[PDB]
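Q: sequence plus experimental coordinates follow:
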Amino acid sequence: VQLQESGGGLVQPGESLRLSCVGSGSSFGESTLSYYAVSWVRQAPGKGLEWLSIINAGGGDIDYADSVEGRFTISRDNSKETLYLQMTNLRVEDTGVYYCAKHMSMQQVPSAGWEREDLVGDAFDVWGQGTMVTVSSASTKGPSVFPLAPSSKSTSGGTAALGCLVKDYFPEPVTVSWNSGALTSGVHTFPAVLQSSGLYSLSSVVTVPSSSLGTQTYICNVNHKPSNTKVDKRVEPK
Amino acid sequence: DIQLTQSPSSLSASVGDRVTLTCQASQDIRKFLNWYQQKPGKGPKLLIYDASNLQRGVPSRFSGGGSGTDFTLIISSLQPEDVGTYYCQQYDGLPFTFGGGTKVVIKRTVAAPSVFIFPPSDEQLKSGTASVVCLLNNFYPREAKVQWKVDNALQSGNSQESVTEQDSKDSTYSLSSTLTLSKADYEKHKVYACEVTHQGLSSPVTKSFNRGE
Amino acid sequence: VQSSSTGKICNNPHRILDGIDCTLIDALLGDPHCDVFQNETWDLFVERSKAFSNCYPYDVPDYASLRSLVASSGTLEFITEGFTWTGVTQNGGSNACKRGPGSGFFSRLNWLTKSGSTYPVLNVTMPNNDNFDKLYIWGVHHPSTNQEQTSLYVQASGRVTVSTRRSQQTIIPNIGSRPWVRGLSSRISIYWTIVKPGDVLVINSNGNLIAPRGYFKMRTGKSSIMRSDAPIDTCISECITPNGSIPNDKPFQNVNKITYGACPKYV
């Protein structure tokens, strides 16, 4: 089994937001996600993991954490192999990355009509990539992309450095690749920093040989999903 | 609600060191306890389930032990890839909780940063602001001092730093300092300099440029 | 010759137990809506036509024999025993067999699936050190696909062997679709085993076992079973038929070939 989350985005304090999680593939036997109990787990920026809610394979035996009880509703559609976490009355401190996480012990075999009477709720043997939820009052803003050009007399050792400055966006995150993912060696994408303006700013830099500069072409593809932004900025010498 | 306390909160050891992480519990949780390896910028992955059981796929060098309240997660020979935070997790009773965390870092020898300076692009000045970026690339240790000078005058309260996580192959860090100022103040001065101090450098390194050159 | 009936089965002198919505087999196994009949006794069990099953879909190879044996025993007195099912998950249940709000199963049966990723070869033994006969009720799950077989019991082919010194039964489960019954193509088949004094029940299986939870105390008395829709009444009548209680004063009768008690002979 593999998992993937969706539905995450920006919302205002008090609003509602549904998160989905689709399971795909087969584990031991040919068992899909609908054989298992799953839980939702979040991680606030720079904090630990917080368990939210659990649901048994068949949709029963649901429990919550005190932090989200009364507001959040966990639910599943096994015909679609999907789990849902409806969130209502959201607050600033609900901000973070939300994970889907499967408990390993098999809880049902739907085609057979078996159900384990005890909910084990043991180890989280499969996790999704996670989906970013942000609760604020600052609305979406797309990034400006500026080239960081390799200069004359830049040579430290026997290479040069160039990059992209991705400035003034909200909320997190942006993603950066180079040459459509053709270039990964020597790339560093720095963590975003919160400015005094309340907008984020970030840099991506890469080290390439001096002889490349004229002959080869270096473009940093920047994606910001919250504002539907997709820029492809070419970096050349000045 | 069951609290889990991990120890240490942060650690450093060399390649091939024996590493000991512990998790202590608010009460008797028998052996209903797991461990997880969160790598930087990635999701958690199961290492140990049910106190002692190694997960299929996870290296043999990782092991688990304990019961009741005390539990240990050992790395018999720490590797470059084994960086990132480790969590313990319990499921004896609801609500389920995790530990505070143990961030693990690799200790390697001194490596001096290569330093580069980048002027603001013409596209940026066009939008009424100037960012000057200084890059310190692939160095160790993490602690390094970056000083901005504008016409040789020491700058403060106007530049922001960012640091990459410890690289999974060679265990170095990289760092950027961004000097932000208005187009007006940028055009007022000529000489822009980033001066770097670091253990691996015998003496402080300066990269500088003159505006328009 | 008696050719007429009252239309009502008299509740004396024999102890009559009205099955209402339950057959005797459903009562035996512990279909949730038959739980009231746990540990009950009878001189005559009365099966109504309104009876139905509401548990996991099931059949009994040789239904009529097991039914007769239990009916004649005249009691459902169960005694749970400590069966040690090492290395397998116990108490499997189903939405097809609800008890209260949650999923359940036959109360006298123990559905053993895998534990972790392994189903070991079970081999338990249970001696009869009492002076009376024990009736054990067990079964075999027949999955509707191979996917189901390997999800529930690991091994691609199951096997259930329940035996005593005298007799032995080995069942190989038949993997394939049956007709759809309450949303389930799969089935359980029920088998039974009698264990005399000094004899030893031995169950051995590498899959598909629906295990027994204990035994039923066997007796030999005047007890029996009858299919009838005639209601019960507060009267006295020695002879009972399906068409109702009848006077036995006359030497013969032709009300019904099936009777219970001190009755006239059928013509």
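A: Thanks, I have the structure now. Numbering: from 1, shown residues only, chains lettered A, B, ... in the order given.
Q: let's verify the residue of chain A found nearest chain C: helix, strand, or coil?
A: Chain C sits closest to residue A:29 of chain A, with a gap of 3.9 Å, by Cβ to the nearest Cβ. Quick note: C-beta positions are derived from backbone N, CA and C, even for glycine. Assigned with DSSP: H, G, I helix; E, B strand; the rest coil, residue A:29 falls in the coil class.
Q: which residues touch it?
A: Residues counted as contacts of residue A:29 (Cβ atoms under 8 Å, 6 or more residues apart in numbering or on different chains) are C:147, C:150-151.
Q: ignoring the adjacent residues along the chain, who's closest to it?
A: Excluding the flanking residues, the one nearest residue A:29 by Cβ to Cβ, 6 or more residues apart in numbering or on different chains is residue C:151, at 3.9 Å.
Q: that neighbour is in what secondary structure piece?
A: Using DSSP states H and E, residue C:151 maps to helix C:146-153.
Q: show me which positions of that helix end up buried.
A: Buried positions in helix C:146-153, judged by neighbour count with 16 or more other Cβ atoms under 10 Å in any protein chain shown: C:147-153.
Q: sort out which one of those residues lies nearest residue B:144 for me.
A: Among the buried residues of helix C:146-153, residue C:151 lies closest to residue B:144 (Cβ to Cβ), at 56.1 Å.
Q: any idea how far that closest one is from residue C:207?
A: Separation of residue C:151 from residue C:207 (Cβ to Cβ, to the nearest Å) stands at 12 Å.
Q: burial count for residue B:195?
A: 17 (other Cβ atoms under 10 Å in any protein chain shown).
Q: hang on, it in a strand?
A: Yes. Using three-state DSSP, the assignment for residue B:195 is a strand.
Q: can you pull the domain assignment for the chain?
A: Looking at chain A here, since you left the chain open. Structural domains annotated on chain A: A:1-137, A:138-238, as defined by curated CATH domains.
Q: oops, chain C please
A: Following curated CATH domains, one finds the domains of chain C at C:1-14+C:231-267, C:15-230.
Q: and the nearest residue to residue C:228 once chain neighbours are set aside, how close does it get to residue C:9?
A: Distances taken as Cβ to Cβ, 6+ apart put residue C:242 closest to residue C:228, at 4.2 Å, once the chain neighbours are dropped. Distance of residue C:242 to residue C:9, given as Cβ to Cβ: 9 Å.
Q: the more surrounded of the two?
A: Between residue C:242 and residue C:9, counting by other Cβ under 10 Å, residue C:9 is the more crowded of the two (26 against 18).
Q: is it true that the more buried one touches residue C:234?
A: No. Assessed by Cβ atoms under 8 Å, residue C:9 is found out of contact with residue C:234, at 11.0 Å.
Q: ok, back up a step: in CSV, list the domains of chain C along with distance to residue B:130.
A: Formatted as CSV, the domains of chain C follow (distance: least, Cβ to Cβ, whole Å):
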stretch, distance to residue B:130
domain C:1-14+C:231-267, 99
domain C:15-230, 62
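Q: please identify the deepest-packed of those.
A: Greatest average neighbour count among the domains of chain C goes to domain C:15-230 (a mean of 18), per mean count of other Cβ atoms under 10 Å in any protein chain shown.
Q: can you count the residues close to residue B:10?
A: Neighbours of residue B:10 under the rule other Cβ under 10 Å: 10.
Q: what's opposite it in the beta bridge?
A: Going by DSSP bridges, residue B:10 is paired in beta bridges with residue B:103.
Q: that one and residue B:103, how far apart?
A: Going from residue B:10 to residue B:103 by Cβ to Cβ gives 5 Å.
Q: could you look up the SS state of the residue lying farthest from the centre of chain A?
A: Taking Cα atoms, centre = their mean, the residue of chain A most remote from its mean C-alpha position is residue A:153, at 39.5 Å. Following three-state DSSP, residue A:153 is assigned to coil.
Q: and what of residue C:71?
A: Strictly by three-state DSSP, residue C:71 counts as helix.
Q: from what I see, it and residue C:224 are in contact.
A: Yes. Contact criterion Cβ under 8 Å: residue C:71 and residue C:224 qualify, at 5.7 Å.
Q: can you give me how far the strand or helix carrying residue C:65 is from the chain middle?
A: Taking DSSP H and E as the criterion, the element that holds residue C:65 is helix C:63-73. Chain-centre distance of helix C:63-73: 8 Å, with Cα atoms, centre = their mean, to the nearest Å.
Q: strand partners of the helix or strand immediately after that helix in the chain, parallel vs antiparallel please.
A: With elements assigned by DSSP H and E, the helix or strand that comes after helix C:63-73 is strand C:78-80. Applying DSSP bridges, strand C:78-80 is found paired with strand C:214-217 (antiparallel).
Q: residue of chain B nearest chain A, please.
A: In chain B, the residue that lies nearest chain A is residue B:49 (3.7 Å; Cβ to the nearest Cβ).
Q: hang on, I meant the stretch 151-267 of chain C
A: At 3.9 Å from chain A, residue C:151 is the closest residue in the stretch 151-267 of chain C, using Cβ to the nearest Cβ.
Q: give me every residue that touches that residue.
A: Under the criterion of Cβ under 8 Å, 6+ apart, the contact list for residue C:151 reads A:28-31, A:35, A:106, A:109, A:112.
Q: tell me which element the closest residue to residue B:62 other than its chain neighbours falls in.
A: Of all residues not flanking residue B:62 in the chain, residue B:47 sits nearest, at 5.4 Å (Cβ to Cβ, 6+ apart). Element membership of residue B:47, judged by DSSP H and E, is strand B:46-49.
Q: who touches that strand?
A: A:104, A:122-125, B:34-37, B:54-55, B:58, B:62-64, B:73, B:86.
Q: please pick the buried ones from those residues.
A: A:104, A:122-125, B:34-37, B:54-55, B:62-64, B:73, B:86.
Q: which residues of chain A lie near chain C?
A: A:28-31, A:35, A:58, A:60, A:105-106, A:109, A:111-118 (Cβ under 8 Å from any Cβ of the partner chain).
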